[PDB]
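Comments concern the structure below.
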Amino acid sequence: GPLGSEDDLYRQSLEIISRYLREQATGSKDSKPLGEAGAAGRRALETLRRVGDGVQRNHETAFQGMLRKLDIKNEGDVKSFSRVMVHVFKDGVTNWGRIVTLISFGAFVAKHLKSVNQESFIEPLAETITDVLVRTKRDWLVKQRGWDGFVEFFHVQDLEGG
Amino acid sequence: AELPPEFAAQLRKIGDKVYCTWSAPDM
């Protein structure tokens, strides 16, 4: 529901990201329903899962290398995480592959935290990830139809591209 | 006990390659 400007964009995004990161952290191929993101949530969660897994599984060695290199364990670490995420777009090129990589990275860290039973840090992490990720790309996301444009881009293989 | 900004570069390079991999279909 529109209250300020792009309130809907944040909620839909947060729900999907929170769901995706928490889901993957369990280690199983589960998929829980959204409370607000019905159409966008299911379309985006399904795509984000397929893409997020493909990205992190392919560059798994690189992800794990950074995962072991990262000293992330508390709420203070999110400052660096948010900085790294925005740093990826420092050249001004907001490519989807970079955006999803940051999400797959978040999921990778979510799993790392869940593996040691530190869910208490996963919630604030997923929140910071969604907040900073969207905050620094508001206009770009709203102009790109949000998750609608996101799913279509990764569906050009053989689903809804042509 | 420190944050070496290699993740930023690594993730950046990964994103570029990933984007180029998803944009180009099996054609």
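Each chain of the structure tokens is named A, B, ... in the order shown, its residues numbered from 1; ligands are numbered from 1 in display order.
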
Residues of chain A no more than 7 Å from chain B, counting only C-alpha atoms: send them over as a PDB file with N, CA, C and O atoms, in the first residue's frame.
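Saved as part27.pdb:
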ATOM      1  N   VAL A  55      24.320 -19.116  -9.157  1.00  0.00           N
ATOM      2  CA  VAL A  55      25.420 -18.165  -8.975  1.00  0.00           C
ATOM      3  C   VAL A  55      26.394 -18.608  -7.875  1.00  0.00           C
ATOM      4  O   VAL A  55      27.608 -18.682  -8.100  1.00  0.00           O
ATOM      5  N   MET A  66      35.807 -16.268   0.603  1.00  0.00           N
ATOM      6  CA  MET A  66      35.442 -15.006   1.237  1.00  0.00           C
ATOM      7  C   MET A  66      34.698 -15.257   2.552  1.00  0.00           C
ATOM      8  O   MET A  66      34.848 -14.508   3.509  1.00  0.00           O
ATOM      9  N   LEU A  70      35.853 -13.686   5.875  1.00  0.00           N
ATOM     10  CA  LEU A  70      34.979 -12.773   6.616  1.00  0.00           C
ATOM     11  C   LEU A  70      34.967 -13.068   8.117  1.00  0.00           C
ATOM     12  O   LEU A  70      34.893 -14.221   8.538  1.00  0.00           O
ATOM     13  N   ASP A  71      35.022 -12.009   8.919  1.00  0.00           N
ATOM     14  CA  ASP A  71      34.982 -12.138  10.374  1.00  0.00           C
ATOM     15  C   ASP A  71      33.584 -11.797  10.901  1.00  0.00           C
ATOM     16  O   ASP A  71      33.411 -11.493  12.080  1.00  0.00           O
ATOM     17  N   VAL A  84      30.277  -3.393   1.088  1.00  0.00           N
ATOM     18  CA  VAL A  84      30.719  -4.296   0.022  1.00  0.00           C
ATOM     19  C   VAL A  84      29.642  -4.401  -1.069  1.00  0.00           C
ATOM     20  O   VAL A  84      29.941  -4.325  -2.267  1.00  0.00           O
ATOM     21  N   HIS A  87      29.517  -1.248  -2.938  1.00  0.00           N
ATOM     22  CA  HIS A  87      30.819  -1.129  -3.597  1.00  0.00           C
ATOM     23  C   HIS A  87      30.827  -1.849  -4.952  1.00  0.00           C
ATOM     24  O   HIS A  87      31.533  -1.444  -5.876  1.00  0.00           O
ATOM     25  N   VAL A  88      30.064  -2.932  -5.059  1.00  0.00           N
ATOM     26  CA  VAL A  88      29.981  -3.684  -6.313  1.00  0.00           C
ATOM     27  C   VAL A  88      29.485  -2.798  -7.477  1.00  0.00           C
ATOM     28  O   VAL A  88      29.871  -2.995  -8.626  1.00  0.00           O
ATOM     29  N   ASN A  95      24.115  -3.840 -12.910  1.00  0.00           N
ATOM     30  CA  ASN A  95      23.714  -5.060 -13.611  1.00  0.00           C
ATOM     31  C   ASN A  95      23.074  -6.075 -12.657  1.00  0.00           C
ATOM     32  O   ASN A  95      23.530  -6.257 -11.527  1.00  0.00           O
ATOM     33  N   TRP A  96      22.016  -6.737 -13.133  1.00  0.00           N
ATOM     34  CA  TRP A  96      21.294  -7.749 -12.350  1.00  0.00           C
ATOM     35  C   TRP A  96      22.230  -8.803 -11.751  1.00  0.00           C
ATOM     36  O   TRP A  96      22.084  -9.176 -10.587  1.00  0.00           O
ATOM     37  N   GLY A  97      23.191  -9.276 -12.554  1.00  0.00           N
ATOM     38  CA  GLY A  97      24.148 -10.275 -12.087  1.00  0.00           C
ATOM     39  C   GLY A  97      24.874  -9.853 -10.819  1.00  0.00           C
ATOM     40  O   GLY A  97      25.176 -10.679  -9.961  1.00  0.00           O
ATOM     41  N   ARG A  98      25.150  -8.561 -10.701  1.00  0.00           N
ATOM     42  CA  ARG A  98      25.822  -8.026  -9.525  1.00  0.00           C
ATOM     43  C   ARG A  98      24.848  -7.994  -8.341  1.00  0.00           C
ATOM     44  O   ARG A  98      25.194  -8.380  -7.219  1.00  0.00           O
ATOM     45  N   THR A 101      24.191 -11.490  -7.136  1.00  0.00           N
ATOM     46  CA  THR A 101      25.411 -11.990  -6.494  1.00  0.00           C
ATOM     47  C   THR A 101      25.432 -11.580  -5.018  1.00  0.00           C
ATOM     48  O   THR A 101      25.785 -12.372  -4.144  1.00  0.00           O
ATOM     49  N   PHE A 154      16.257 -13.116 -16.099  1.00  0.00           N
ATOM     50  CA  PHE A 154      16.823 -14.447 -15.875  1.00  0.00           C
ATOM     51  C   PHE A 154      15.954 -15.565 -16.470  1.00  0.00           C
ATOM     52  O   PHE A 154      16.261 -16.748 -16.321  1.00  0.00           O
ATOM     53  N   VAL A 156      15.103 -15.423 -19.801  1.00  0.00           N
ATOM     54  CA  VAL A 156      15.309 -15.297 -21.251  1.00  0.00           C
ATOM     55  C   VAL A 156      15.882 -16.580 -21.862  1.00  0.00           C
ATOM     56  O   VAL A 156      15.945 -16.719 -23.084  1.00  0.00           O
ATOM     57  N   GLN A 157      16.310 -17.505 -21.005  1.00  0.00           N
ATOM     58  CA  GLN A 157      16.861 -18.778 -21.458  1.00  0.00           C
ATOM     59  C   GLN A 157      15.810 -19.570 -22.239  1.00  0.00           C
ATOM     60  O   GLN A 157      15.974 -19.831 -23.429  1.00  0.00           O
TER      61      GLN A 157
END

- Item | Those of chain A in DSSP alpha helix (DSSP H), formatted as an MDAnalysis selection string | chainID A and resid 7:25 39:58 60:69 78:87 96:115 119:135 138:143 147:153

Practice task
Work out how far atom CA of residue 104 of chain A is from atom CA of residue 56 of chain A, in Å to one decimal.
Solution key: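 According to the coordinates, atom CA of residue 56 of chain A and atom CA of residue 104 of chain A are separated by 5.8 Å.
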
Review point. Residue 130 of chain A: which residues within 9 Å, counting only C-alpha atoms, same-chain residues fewer than 2 positions away excluded, as a count of residues only?
Key: 14

query = Separation of atom CA of residue 12 of chain A and atom CA of residue 28 of chain A, in Å?
reply =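 So the two atoms, atom CA of residue 12 of chain A and atom CA of residue 28 of chain A, lie 23.1 Å apart.
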
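Distances from A:85, A:37, A:99, A:109 to residue 64 of chain A were compared using only C-alpha atoms, and the smallest one belongs to A:109.
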
With only C-alpha atoms as the counted atoms, please give the residues lying no more than 8 Å from residue 147 of chain A, apart from itself and same-chain residues fewer than 4 positions off, as a list in words.
residues 13, 40, 44, 141 and 151 of chain A

Would you put the residues from that selection into a file with C-alpha atoms, as a compact mmCIF listing (two decimals), in the first residue's frame?
# COMPACT_ATOMS: atom_id res chain seq x y z
CA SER A 13 11.63 -6.94 -1.80
CA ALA A 40 5.71 -10.90 -7.17
CA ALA A 44 10.64 -13.64 -7.68
CA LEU A 141 14.58 -0.86 -9.20
CA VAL A 151 12.57 -12.43 -13.13

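What separates atom CA of residue 86 of chain A from atom CA of residue 110 of chain A is a distance of 18.6 Å.
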
If we count only C-alpha atoms, what is near residue 72 of chain A at a cut-off of 10 Å, once residues fewer than 3 positions away on the same chain are taken out, given as a VMD selection string? (chain A and resid 67 to 69 75 to 78 80 to 81 109 112 to 113 121) or (chain B and resid 1 to 3)

May I have the selected residues written with C-alpha atoms, as a CSV table (one decimal), in the first residue's frame?
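That gives us part.csv:
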chain,number,residue,atom,x,y,z
A,67,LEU,CA,33.1,-16.7,3.8
A,68,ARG,CA,36.2,-18.0,5.7
A,69,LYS,CA,37.9,-14.7,5.2
A,75,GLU,CA,25.5,-6.6,14.2
A,76,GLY,CA,28.6,-4.4,13.7
A,77,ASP,CA,29.7,-6.4,10.7
A,78,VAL,CA,26.6,-5.3,8.6
A,80,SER,CA,31.1,-3.7,6.0
A,81,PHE,CA,28.5,-6.0,4.3
A,109,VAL,CA,26.4,-15.9,5.0
A,112,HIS,CA,27.2,-19.7,7.7
A,113,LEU,CA,25.3,-18.1,10.6
A,121,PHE,CA,22.1,-12.2,13.5
B,1,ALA,CA,39.8,-9.8,12.9
B,2,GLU,CA,39.7,-7.4,10.0
B,3,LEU,CA,37.8,-6.6,6.7
